[PDB]
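Q: Sharing input_6.pdb below, PDB, C-alpha atoms (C1' of nucleotides):
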```pdb
ATOM      1  CA  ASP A   1     -42.360   1.619   7.455  1.00  0.00           C
ATOM      2  CA  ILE A   2     -39.511  -0.905   7.409  1.00  0.00           C
ATOM      3  CA  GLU A   3     -41.220  -4.293   7.648  1.00  0.00           C
ATOM      4  CA  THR A   4     -43.945  -3.136   5.244  1.00  0.00           C
ATOM      5  CA  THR A   5     -41.486  -2.491   2.392  1.00  0.00           C
ATOM      6  CA  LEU A   6     -38.866  -5.068   3.426  1.00  0.00           C
ATOM      7  CA  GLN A   7     -40.220  -7.865   1.207  1.00  0.00           C
ATOM      8  CA  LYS A   8     -41.119  -5.626  -1.754  1.00  0.00           C
ATOM      9  CA  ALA A   9     -37.597  -5.878  -3.210  1.00  0.00           C
ATOM     10  CA  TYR A  10     -35.805  -9.248  -3.205  1.00  0.00           C
ATOM     11  CA  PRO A  11     -38.562 -11.170  -1.373  1.00  0.00           C
ATOM     12  CA  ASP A  12     -36.095 -13.246   0.657  1.00  0.00           C
ATOM     13  CA  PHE A  13     -36.684 -11.506   4.000  1.00  0.00           C
ATOM     14  CA  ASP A  14     -38.339 -14.637   5.421  1.00  0.00           C
ATOM     15  CA  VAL A  15     -34.934 -16.334   5.339  1.00  0.00           C
ATOM     16  CA  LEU A  16     -31.850 -14.502   6.696  1.00  0.00           C
ATOM     17  CA  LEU A  17     -34.030 -13.213   9.559  1.00  0.00           C
ATOM     18  CA  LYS A  18     -33.321 -16.158  11.869  1.00  0.00           C
ATOM     19  CA  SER A  19     -29.933 -16.966  10.286  1.00  0.00           C
ATOM     20  CA  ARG A  20     -28.106 -14.236  12.272  1.00  0.00           C
ATOM     21  CA  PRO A  21     -27.567 -11.630   9.515  1.00  0.00           C
ATOM     22  CA  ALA A  22     -25.481  -9.548  11.934  1.00  0.00           C
ATOM     23  CA  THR A  23     -22.961 -12.410  11.855  1.00  0.00           C
ATOM     24  CA  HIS A  24     -22.619 -11.940   8.077  1.00  0.00           C
ATOM     25  CA  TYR A  25     -19.515  -9.777   8.499  1.00  0.00           C
ATOM     26  CA  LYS A  26     -15.978 -10.132   7.138  1.00  0.00           C
ATOM     27  CA  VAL A  27     -13.183  -8.878   9.398  1.00  0.00           C
ATOM     28  CA  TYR A  28      -9.918  -7.638   7.913  1.00  0.00           C
ATOM     29  CA  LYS A  29      -7.271  -5.148   9.014  1.00  0.00           C
ATOM     30  CA  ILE A  30      -5.826  -2.099   7.255  1.00  0.00           C
ATOM     31  CA  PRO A  31      -2.407  -0.620   8.141  1.00  0.00           C
ATOM     32  CA  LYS A  32      -2.314   2.901   9.520  1.00  0.00           C
ATOM     33  CA  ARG A  33       0.319   5.425   8.490  1.00  0.00           C
ATOM     34  CA  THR A  34       1.795   4.985  11.981  1.00  0.00           C
ATOM     35  CA  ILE A  35       1.498   2.505  14.869  1.00  0.00           C
ATOM     36  CA  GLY A  36      -1.826   0.699  14.884  1.00  0.00           C
ATOM     37  CA  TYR A  37      -3.981  -1.856  13.102  1.00  0.00           C
ATOM     38  CA  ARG A  38      -7.580  -0.935  12.273  1.00  0.00           C
ATOM     39  CA  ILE A  39     -10.109  -3.762  12.414  1.00  0.00           C
ATOM     40  CA  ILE A  40     -12.925  -3.301   9.896  1.00  0.00           C
ATOM     41  CA  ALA A  41     -15.981  -5.554   9.661  1.00  0.00           C
ATOM     42  CA  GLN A  42     -18.086  -5.152   6.522  1.00  0.00           C
ATOM     43  CA  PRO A  43     -21.234  -7.073   5.536  1.00  0.00           C
ATOM     44  CA  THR A  44     -21.589  -9.559   2.717  1.00  0.00           C
ATOM     45  CA  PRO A  45     -22.351  -7.974  -0.706  1.00  0.00           C
ATOM     46  CA  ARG A  46     -26.043  -8.758  -0.158  1.00  0.00           C
ATOM     47  CA  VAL A  47     -26.540  -7.097   3.242  1.00  0.00           C
ATOM     48  CA  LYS A  48     -25.187  -3.727   2.067  1.00  0.00           C
ATOM     49  CA  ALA A  49     -28.116  -3.336  -0.338  1.00  0.00           C
ATOM     50  CA  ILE A  50     -30.631  -3.913   2.465  1.00  0.00           C
ATOM     51  CA  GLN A  51     -28.736  -1.533   4.749  1.00  0.00           C
ATOM     52  CA  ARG A  52     -28.670   1.197   2.090  1.00  0.00           C
ATOM     53  CA  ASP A  53     -32.399   0.727   1.497  1.00  0.00           C
ATOM     54  CA  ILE A  54     -33.160   0.974   5.214  1.00  0.00           C
ATOM     55  CA  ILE A  55     -30.960   4.089   5.439  1.00  0.00           C
ATOM     56  CA  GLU A  56     -33.055   5.629   2.668  1.00  0.00           C
ATOM     57  CA  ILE A  57     -36.250   4.631   4.495  1.00  0.00           C
ATOM     58  CA  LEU A  58     -34.974   6.088   7.780  1.00  0.00           C
ATOM     59  CA  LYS A  59     -33.958   9.367   6.120  1.00  0.00           C
ATOM     60  CA  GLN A  60     -37.631   9.999   5.300  1.00  0.00           C
ATOM     61  CA  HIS A  61     -38.479  10.979   8.909  1.00  0.00           C
ATOM     62  CA  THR A  62     -35.333  12.250  10.670  1.00  0.00           C
ATOM     63  CA  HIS A  63     -33.524  15.521  11.257  1.00  0.00           C
ATOM     64  CA  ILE A  64     -29.774  16.013  11.678  1.00  0.00           C
ATOM     65  CA  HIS A  65     -28.581  19.012  13.672  1.00  0.00           C
ATOM     66  CA  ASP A  66     -26.218  21.434  11.959  1.00  0.00           C
ATOM     67  CA  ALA A  67     -22.561  22.071  12.866  1.00  0.00           C
ATOM     68  CA  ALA A  68     -22.041  18.294  12.470  1.00  0.00           C
ATOM     69  CA  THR A  69     -20.467  17.806   9.045  1.00  0.00           C
ATOM     70  CA  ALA A  70     -20.408  14.029   9.579  1.00  0.00           C
ATOM     71  CA  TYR A  71     -21.403  12.347   6.308  1.00  0.00           C
ATOM     72  CA  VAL A  72     -24.335  14.589   5.371  1.00  0.00           C
ATOM     73  CA  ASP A  73     -25.078  14.912   1.664  1.00  0.00           C
ATOM     74  CA  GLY A  74     -23.282  17.672  -0.217  1.00  0.00           C
ATOM     75  CA  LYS A  75     -20.921  18.646   2.609  1.00  0.00           C
ATOM     76  CA  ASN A  76     -17.219  17.932   2.088  1.00  0.00           C
ATOM     77  CA  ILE A  77     -14.343  18.486   4.531  1.00  0.00           C
ATOM     78  CA  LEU A  78     -13.887  22.104   3.419  1.00  0.00           C
ATOM     79  CA  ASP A  79     -16.989  23.465   5.144  1.00  0.00           C
ATOM     80  CA  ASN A  80     -15.591  21.963   8.353  1.00  0.00           C
ATOM     81  CA  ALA A  81     -12.661  24.393   8.121  1.00  0.00           C
ATOM     82  CA  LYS A  82     -14.786  27.214   6.670  1.00  0.00           C
ATOM     83  CA  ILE A  83     -16.561  27.698  10.004  1.00  0.00           C
ATOM     84  CA  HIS A  84     -13.226  27.614  11.851  1.00  0.00           C
ATOM     85  CA  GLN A  85     -11.325  30.083   9.646  1.00  0.00           C
ATOM     86  CA  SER A  86     -12.205  33.207  11.662  1.00  0.00           C
ATOM     87  CA  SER A  87     -10.974  31.833  15.005  1.00  0.00           C
ATOM     88  CA  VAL A  88      -7.592  32.276  16.687  1.00  0.00           C
ATOM     89  CA  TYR A  89      -7.502  29.264  19.021  1.00  0.00           C
ATOM     90  CA  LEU A  90      -8.474  25.610  18.733  1.00  0.00           C
ATOM     91  CA  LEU A  91      -9.105  22.690  21.098  1.00  0.00           C
ATOM     92  CA  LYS A  92      -9.193  19.393  19.180  1.00  0.00           C
ATOM     93  CA  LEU A  93     -11.087  16.605  20.897  1.00  0.00           C
ATOM     94  CA  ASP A  94     -10.719  13.017  19.751  1.00  0.00           C
ATOM     95  CA  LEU A  95     -13.320  10.540  20.950  1.00  0.00           C
ATOM     96  CA  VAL A  96     -12.248   7.041  21.932  1.00  0.00           C
ATOM     97  CA  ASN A  97     -14.009   3.752  21.075  1.00  0.00           C
ATOM     98  CA  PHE A  98     -14.388   4.537  17.389  1.00  0.00           C
ATOM     99  CA  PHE A  99     -17.975   3.514  16.560  1.00  0.00           C
ATOM    100  CA  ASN A 100     -17.280   0.111  18.139  1.00  0.00           C
ATOM    101  CA  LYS A 101     -19.073   0.831  21.423  1.00  0.00           C
ATOM    102  CA  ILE A 102     -22.314   2.435  20.166  1.00  0.00           C
ATOM    103  CA  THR A 103     -24.735  -0.277  21.287  1.00  0.00           C
ATOM    104  CA  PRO A 104     -28.265  -0.610  19.856  1.00  0.00           C
ATOM    105  CA  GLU A 105     -29.630   0.280  23.301  1.00  0.00           C
ATOM    106  CA  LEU A 106     -28.376   3.833  22.683  1.00  0.00           C
ATOM    107  CA  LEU A 107     -30.150   4.280  19.321  1.00  0.00           C
ATOM    108  CA  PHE A 108     -33.744   3.361  20.195  1.00  0.00           C
ATOM    109  CA  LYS A 109     -33.823   5.804  23.114  1.00  0.00           C
ATOM    110  CA  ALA A 110     -32.069   8.398  20.943  1.00  0.00           C
ATOM    111  CA  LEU A 111     -34.910   8.015  18.435  1.00  0.00           C
ATOM    112  CA  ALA A 112     -37.420   8.226  21.295  1.00  0.00           C
ATOM    113  CA  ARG A 113     -35.892  11.563  22.301  1.00  0.00           C
ATOM    114  CA  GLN A 114     -35.962  12.422  18.577  1.00  0.00           C
ATOM    115  CA  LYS A 115     -39.777  11.971  18.799  1.00  0.00           C
ATOM    116  CA  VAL A 116     -40.123   9.228  16.180  1.00  0.00           C
ATOM    117  CA  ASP A 117     -42.146   6.073  16.826  1.00  0.00           C
ATOM    118  CA  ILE A 118     -40.830   2.642  15.839  1.00  0.00           C
ATOM    119  CA  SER A 119     -42.568  -0.735  15.909  1.00  0.00           C
ATOM    120  CA  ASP A 120     -41.360  -3.582  18.110  1.00  0.00           C
ATOM    121  CA  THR A 121     -40.911  -5.818  15.065  1.00  0.00           C
ATOM    122  CA  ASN A 122     -39.267  -2.872  13.311  1.00  0.00           C
ATOM    123  CA  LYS A 123     -37.081  -2.422  16.396  1.00  0.00           C
ATOM    124  CA  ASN A 124     -35.988  -6.057  16.125  1.00  0.00           C
ATOM    125  CA  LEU A 125     -35.282  -5.534  12.418  1.00  0.00           C
ATOM    126  CA  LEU A 126     -33.123  -2.492  13.207  1.00  0.00           C
ATOM    127  CA  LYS A 127     -31.267  -4.365  15.949  1.00  0.00           C
ATOM    128  CA  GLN A 128     -30.685  -7.407  13.741  1.00  0.00           C
ATOM    129  CA  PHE A 129     -29.864  -6.007  10.273  1.00  0.00           C
ATOM    130  CA  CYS A 130     -27.836  -2.898  11.192  1.00  0.00           C
ATOM    131  CA  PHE A 131     -25.244  -4.112  13.703  1.00  0.00           C
ATOM    132  CA  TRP A 132     -22.350  -6.533  14.121  1.00  0.00           C
ATOM    133  CA  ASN A 133     -21.761  -9.370  16.595  1.00  0.00           C
ATOM    134  CA  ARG A 134     -18.069  -9.787  17.393  1.00  0.00           C
ATOM    135  CA  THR A 135     -18.417 -12.962  19.473  1.00  0.00           C
ATOM    136  CA  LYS A 136     -20.343 -14.552  16.559  1.00  0.00           C
ATOM    137  CA  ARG A 137     -22.513 -16.394  19.105  1.00  0.00           C
ATOM    138  CA  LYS A 138     -26.209 -16.355  19.921  1.00  0.00           C
ATOM    139  CA  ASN A 139     -27.445 -13.713  22.380  1.00  0.00           C
ATOM    140  CA  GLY A 140     -24.136 -11.865  22.092  1.00  0.00           C
ATOM    141  CA  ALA A 141     -23.223  -8.204  22.435  1.00  0.00           C
ATOM    142  CA  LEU A 142     -24.120  -6.022  19.450  1.00  0.00           C
ATOM    143  CA  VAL A 143     -21.801  -3.147  18.522  1.00  0.00           C
ATOM    144  CA  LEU A 144     -21.720  -0.810  15.536  1.00  0.00           C
ATOM    145  CA  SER A 145     -18.928  -1.535  13.053  1.00  0.00           C
ATOM    146  CA  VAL A 146     -16.529   0.817  11.262  1.00  0.00           C
ATOM    147  CA  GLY A 147     -17.137  -0.125   7.638  1.00  0.00           C
ATOM    148  CA  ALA A 148     -20.832  -0.885   7.416  1.00  0.00           C
ATOM    149  CA  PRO A 149     -22.673   1.401   4.962  1.00  0.00           C
ATOM    150  CA  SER A 150     -25.183   2.098   7.755  1.00  0.00           C
ATOM    151  CA  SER A 151     -22.520   3.355  10.186  1.00  0.00           C
ATOM    152  CA  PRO A 152     -22.507   7.104   9.303  1.00  0.00           C
ATOM    153  CA  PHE A 153     -26.186   7.969   9.675  1.00  0.00           C
TER     154      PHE A 153
ATOM    155  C1'  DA B   1     -17.319  -8.460  24.404  1.00  0.00           C
ATOM    156  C1'  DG B   2     -15.011 -12.609  26.903  1.00  0.00           C
ATOM    157  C1'  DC B   3     -10.155 -13.709  29.921  1.00  0.00           C
ATOM    158  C1'  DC B   4      -4.263 -18.020  28.468  1.00  0.00           C
ATOM    159  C1'  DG B   5      -0.072 -18.620  31.248  1.00  0.00           C
ATOM    160  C1'  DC B   6       3.547 -15.423  33.191  1.00  0.00           C
ATOM    161  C1'  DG B   7       5.560 -13.109  36.586  1.00  0.00           C
ATOM    162  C1'  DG B   8       5.605  -9.604  40.223  1.00  0.00           C
ATOM    163  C1'  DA B   9       3.082  -8.722  44.866  1.00  0.00           C
ATOM    164  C1'  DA B  10       0.686  -8.404  49.162  1.00  0.00           C
ATOM    165  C1'  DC B  11       1.282 -11.132  53.077  1.00  0.00           C
ATOM    166  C1'  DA B  12       3.141 -14.354  56.436  1.00  0.00           C
ATOM    167  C1'  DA B  13       5.602 -17.862  59.036  1.00  0.00           C
ATOM    168  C1'  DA B  14      10.641 -19.528  59.596  1.00  0.00           C
ATOM    169  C1'  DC B  15      15.822 -18.500  59.542  1.00  0.00           C
ATOM    170  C1'  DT B  16      19.419 -15.254  60.735  1.00  0.00           C
ATOM    171  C1'  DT B  17      22.090 -11.311  61.908  1.00  0.00           C
ATOM    172  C1'  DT B  18      22.514  -7.679  65.942  1.00  0.00           C
ATOM    173  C1'  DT B  19      20.913  -4.843  68.815  1.00  0.00           C
ATOM    174  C1'  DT B  20      20.431  -4.476  74.546  1.00  0.00           C
ATOM    175  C1'  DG B  21      21.103  -5.550  79.930  1.00  0.00           C
ATOM    176  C1'  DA B  22      23.636  -8.592  83.364  1.00  0.00           C
ATOM    177  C1'  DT B  23      27.578 -11.571  84.917  1.00  0.00           C
ATOM    178  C1'  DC B  24      32.181 -12.564  85.215  1.00  0.00           C
ATOM    179  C1'  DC B  25      37.248 -12.337  85.787  1.00  0.00           C
ATOM    180  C1'  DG B  26      41.620 -10.677  85.325  1.00  0.00           C
ATOM    181  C1'  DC B  27      43.771  -6.861  87.108  1.00  0.00           C
ATOM    182  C1'  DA B  28      45.900  -3.594  88.691  1.00  0.00           C
ATOM    183  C1'  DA B  29      44.593  -1.097  93.288  1.00  0.00           C
ATOM    184  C1'  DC B  30      44.981  -1.052  98.592  1.00  0.00           C
ATOM    185  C1'  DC B  31      47.553  -2.326 103.009  1.00  0.00           C
ATOM    186  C1'  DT B  32      51.768  -2.352 104.069  1.00  0.00           C
ATOM    187  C1'  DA B  33      55.406  -5.241 102.917  1.00  0.00           C
ATOM    188  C1'  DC B  34      53.832  -8.299  99.479  1.00  0.00           C
ATOM    189  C1'  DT B  35      48.059 -13.916  99.744  1.00  0.00           C
ATOM    190  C1'  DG B  36      46.328  -7.517 104.948  1.00  0.00           C
ATOM    191  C1'  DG B  37      41.971  -9.649 105.985  1.00  0.00           C
ATOM    192  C1'  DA B  38      37.513 -10.289 108.118  1.00  0.00           C
ATOM    193  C1'  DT B  39      39.030  -6.033 101.118  1.00  0.00           C
ATOM    194  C1'  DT B  40      36.853  -3.637  97.608  1.00  0.00           C
ATOM    195  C1'  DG B  41      36.274  -1.399  92.685  1.00  0.00           C
ATOM    196  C1'  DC B  42      36.972  -1.149  87.275  1.00  0.00           C
ATOM    197  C1'  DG B  43      37.235  -2.137  82.518  1.00  0.00           C
ATOM    198  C1'  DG B  44      37.463  -6.034  78.448  1.00  0.00           C
ATOM    199  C1'  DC B  45      34.837 -10.436  77.417  1.00  0.00           C
ATOM    200  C1'  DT B  46      30.984 -13.275  77.186  1.00  0.00           C
ATOM    201  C1'  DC B  47      26.106 -14.719  77.944  1.00  0.00           C
ATOM    202  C1'  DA B  48      21.571 -16.024  75.939  1.00  0.00           C
ATOM    203  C1'  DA B  49      16.937 -12.812  75.023  1.00  0.00           C
ATOM    204  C1'  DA B  50      14.536 -10.321  72.058  1.00  0.00           C
ATOM    205  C1'  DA B  51      13.329  -6.455  69.200  1.00  0.00           C
ATOM    206  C1'  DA B  52      14.690  -5.979  64.293  1.00  0.00           C
ATOM    207  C1'  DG B  53      16.024  -7.894  58.739  1.00  0.00           C
ATOM    208  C1'  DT B  54      16.010 -11.289  55.187  1.00  0.00           C
ATOM    209  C1'  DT B  55      14.102 -15.559  52.905  1.00  0.00           C
ATOM    210  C1'  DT B  56      11.018 -18.406  51.192  1.00  0.00           C
ATOM    211  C1'  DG B  57       6.116 -21.115  49.885  1.00  0.00           C
ATOM    212  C1'  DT B  58       1.179 -19.707  48.821  1.00  0.00           C
ATOM    213  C1'  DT B  59      -2.806 -16.922  47.061  1.00  0.00           C
ATOM    214  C1'  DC B  60      -4.979 -13.701  43.945  1.00  0.00           C
ATOM    215  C1'  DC B  61      -4.776 -10.028  41.404  1.00  0.00           C
ATOM    216  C1'  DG B  62      -3.914  -8.086  35.037  1.00  0.00           C
ATOM    217  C1'  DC B  63      -3.618  -8.674  30.289  1.00  0.00           C
ATOM    218  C1'  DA B  64      -3.967  -9.964  23.667  1.00  0.00           C
ATOM    219  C1'  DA B  65      -6.462 -11.015  19.393  1.00  0.00           C
ATOM    220  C1'  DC B  66      -9.579 -12.100  17.685  1.00  0.00           C
ATOM    221  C1'  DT B  67     -13.577 -15.294  16.969  1.00  0.00           C
ATOM    222  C1'  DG B  68     -18.591 -20.359  12.840  1.00  0.00           C
ATOM    223  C1'  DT B  69     -22.136 -19.149   6.432  1.00  0.00           C
ATOM    224  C1'  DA B  70     -18.276 -13.983   5.780  1.00  0.00           C
ATOM    225  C1'  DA B  71     -15.069  -8.900  -1.047  1.00  0.00           C
ATOM    226  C1'  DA B  72      -9.975  -9.001  -5.656  1.00  0.00           C
ATOM    227  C1'  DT B  73     -12.589  -3.298  -6.664  1.00  0.00           C
ATOM    228  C1'  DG B  74      -8.433   2.298 -11.507  1.00  0.00           C
ATOM    229  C1'  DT B  75      -6.730   8.300  -8.418  1.00  0.00           C
ATOM    230  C1'  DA B  76      -6.389  11.596  -3.684  1.00  0.00           C
ATOM    231  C1'  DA B  77      -8.426  12.492   1.415  1.00  0.00           C
ATOM    232  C1'  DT B  78     -11.392  12.401   5.527  1.00  0.00           C
ATOM    233  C1'  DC B  79     -13.260   9.497  10.604  1.00  0.00           C
TER     234       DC B  79
END
```
Let me see the structure of the file written as structure tokens.
A:
Amino acid sequence: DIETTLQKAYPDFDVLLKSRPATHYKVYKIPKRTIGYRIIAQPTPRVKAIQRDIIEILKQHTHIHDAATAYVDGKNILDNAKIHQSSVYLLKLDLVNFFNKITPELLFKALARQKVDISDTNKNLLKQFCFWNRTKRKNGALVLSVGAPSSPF
DNA sequence: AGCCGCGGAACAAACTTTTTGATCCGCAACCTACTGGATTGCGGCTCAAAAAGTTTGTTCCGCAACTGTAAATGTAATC
């Protein structure tokens, strides 16, 4: 249900398909409060609209498990601590490779386990319009970027 | 996600500084007067030889910031 409605709005999907839209990413760096520089790659002002639309399309047939207050609608940071108020101890994990190592190979099989079917052309569309190429070269390695509007879901 | 020059390193032949195992030669001893044989013996001193201790020329190992079309965004706070 992605390729069917892709050309309905802004019928320019014929172009920008072969012109490496994943490359359309600006890289800057924000200073942390302490040691560290955070690289952020965000799409051009045009790609974010397409990514938001495809997020809305994807949300039609998905389910997100509870106890994961990670960017779900109407759930601020307070409910994260509301569950944890009655405890006495805590063990805080912190995952490494912040969103920059989630390859597209690990999303299609995740959806397959999720029991949702996706077309091969739709799979190519997902791989091409919702990821970032750091090497900026053809047939490169695709990694999710911290900053894309499609990163949370 | 790829891998620049830089500098230690893991090895490995050459120098190089002593550990050892004889050989010697005064050197006081016998013996008796004194070179006594036709003698031993005994302790410093020196000898290369070789098992130990550096020293130096070569070969891989590792690692950083960002990449070719590309966002200035009123306030606070999250990954």
Q: On this file, the PyMOL selection byres ((chain B) within 7 of (chain A)) gives some set of residues; write that set as a VMD selection string.
A: chain B and resid 1 67 70 78
Q: Env of residue B:23: 12 Å cut, atoms = only C-alpha atoms (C1' of nucleotides), seq-sep filter 4 positions within chain, self excluded. Answer as a PyMOL selection string.
A: chain B and resi 45-48
Q: Kindly save the residues from that selection, with C-alpha atoms (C1' of nucleotides) included, as a JSON list (two decimals), in the coordinates of the input.
A:
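Below is the file again-v6.json, written as the result:
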```json
[["chain", "number", "residue", "atom", "x", "y", "z"],
["B", 45, "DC", "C1'", 34.84, -10.44, 77.42],
["B", 46, "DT", "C1'", 30.98, -13.28, 77.19],
["B", 47, "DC", "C1'", 26.11, -14.72, 77.94],
["B", 48, "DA", "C1'", 21.57, -16.02, 75.94]]
```
Q: Edge lengths and centre, in Å to one decimal, as lines of an AutoDock Vina configuration file: that's what I need for the box along x, y and z that holds all listed atoms of stretch 23-33 of chain A plus 6 Å on each side.
A:
```
center_x = -11.3
center_y = -3.5
center_z = 9.5
size_x = 35.3
size_y = 29.8
size_z = 16.7
```
Q: Extract, using all atoms listed in the file, all DNA, RNA and protein residues at most 10 Å from residue B:3, discarding same-chain residues fewer than 4 positions from it, and format them as a list in words.
A: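 After dropping sequence-adjacent residues, the list is residues 62, 63 and 64 of chain B.
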Q: Residues of the last selection are to be written out with C-alpha atoms (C1' of nucleotides), as a PDB file, in the frame of the given file.
A:
```
ATOM      1  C1'  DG B  62      -3.914  -8.086  35.037  1.00  0.00           C
ATOM      2  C1'  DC B  63      -3.618  -8.674  30.289  1.00  0.00           C
ATOM      3  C1'  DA B  64      -3.967  -9.964  23.667  1.00  0.00           C
TER       4       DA B  64
END
```
Q: Expanded to explicit residues, what is the PyMOL selection byres ((chain A and resi 151) around 10) for this file, as a PDB file with C-alpha atoms, keeping the file's coordinate frame?
A:
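Below is the file that was written, part-v1.pdb:
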```pdb
ATOM      1  CA  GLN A  51     -28.736  -1.533   4.749  1.00  0.00           C
ATOM      2  CA  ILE A  55     -30.960   4.089   5.439  1.00  0.00           C
ATOM      3  CA  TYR A  71     -21.403  12.347   6.308  1.00  0.00           C
ATOM      4  CA  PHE A  99     -17.975   3.514  16.560  1.00  0.00           C
ATOM      5  CA  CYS A 130     -27.836  -2.898  11.192  1.00  0.00           C
ATOM      6  CA  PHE A 131     -25.244  -4.112  13.703  1.00  0.00           C
ATOM      7  CA  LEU A 144     -21.720  -0.810  15.536  1.00  0.00           C
ATOM      8  CA  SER A 145     -18.928  -1.535  13.053  1.00  0.00           C
ATOM      9  CA  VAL A 146     -16.529   0.817  11.262  1.00  0.00           C
ATOM     10  CA  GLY A 147     -17.137  -0.125   7.638  1.00  0.00           C
ATOM     11  CA  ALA A 148     -20.832  -0.885   7.416  1.00  0.00           C
ATOM     12  CA  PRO A 149     -22.673   1.401   4.962  1.00  0.00           C
ATOM     13  CA  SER A 150     -25.183   2.098   7.755  1.00  0.00           C
ATOM     14  CA  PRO A 152     -22.507   7.104   9.303  1.00  0.00           C
ATOM     15  CA  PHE A 153     -26.186   7.969   9.675  1.00  0.00           C
TER      16      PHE A 153
END
```
Q: Just the residues within 12 Å of stretch 110-122 of chain A, please, counting all atoms listed in the file, with nothing from its chain fewer than 2 positions along; format it as a VMD selection string.
A: chain A and resid 1 to 6 17 54 57 to 65 102 to 108 124 to 130
Q: With N, CA and C atoms as the goal, would you fill in the gaps in stretch 37-50 of chain A and present it as a tab-separated table (two decimals), in the frame of the given file?
A:
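Result written to rebuild-v8.tsv:
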```
chain	number	residue	atom	x	y	z
A	37	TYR	N	-3.24	-1.07	14.07
A	37	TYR	CA	-3.98	-1.86	13.10
A	37	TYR	C	-5.46	-1.58	13.31
A	38	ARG	N	-6.17	-1.32	12.22
A	38	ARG	CA	-7.58	-0.94	12.27
A	38	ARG	C	-8.44	-2.11	11.81
A	39	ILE	N	-9.17	-2.71	12.75
A	39	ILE	CA	-10.11	-3.76	12.41
A	39	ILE	C	-11.33	-3.15	11.74
A	40	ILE	N	-11.74	-3.73	10.62
A	40	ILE	CA	-12.92	-3.30	9.90
A	40	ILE	C	-13.76	-4.53	9.57
A	41	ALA	N	-15.03	-4.49	9.96
A	41	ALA	CA	-15.98	-5.55	9.66
A	41	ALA	C	-17.05	-5.01	8.72
A	42	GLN	N	-17.11	-5.57	7.51
A	42	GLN	CA	-18.09	-5.15	6.52
A	42	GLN	C	-19.03	-6.30	6.19
A	43	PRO	N	-20.27	-6.00	5.82
A	43	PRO	CA	-21.23	-7.07	5.54
A	43	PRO	C	-20.95	-7.75	4.20
A	44	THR	N	-21.64	-8.87	3.99
A	44	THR	CA	-21.59	-9.56	2.72
A	44	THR	C	-22.22	-8.68	1.64
A	45	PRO	N	-21.83	-8.85	0.36
A	45	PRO	CA	-22.35	-7.97	-0.71
A	45	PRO	C	-23.87	-7.87	-0.77
A	46	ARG	N	-24.59	-8.80	-0.15
A	46	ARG	CA	-26.04	-8.76	-0.16
A	46	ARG	C	-26.61	-7.87	0.94
A	47	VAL	N	-25.99	-7.86	2.12
A	47	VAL	CA	-26.54	-7.10	3.24
A	47	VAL	C	-26.41	-5.60	3.00
A	48	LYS	N	-25.37	-5.16	2.28
A	48	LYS	CA	-25.19	-3.73	2.07
A	48	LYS	C	-26.36	-3.11	1.31
A	49	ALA	N	-26.95	-3.86	0.38
A	49	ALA	CA	-28.12	-3.34	-0.34
A	49	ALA	C	-29.28	-3.09	0.61
A	50	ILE	N	-29.55	-4.06	1.50
A	50	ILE	CA	-30.63	-3.91	2.46
A	50	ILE	C	-30.35	-2.76	3.41
```
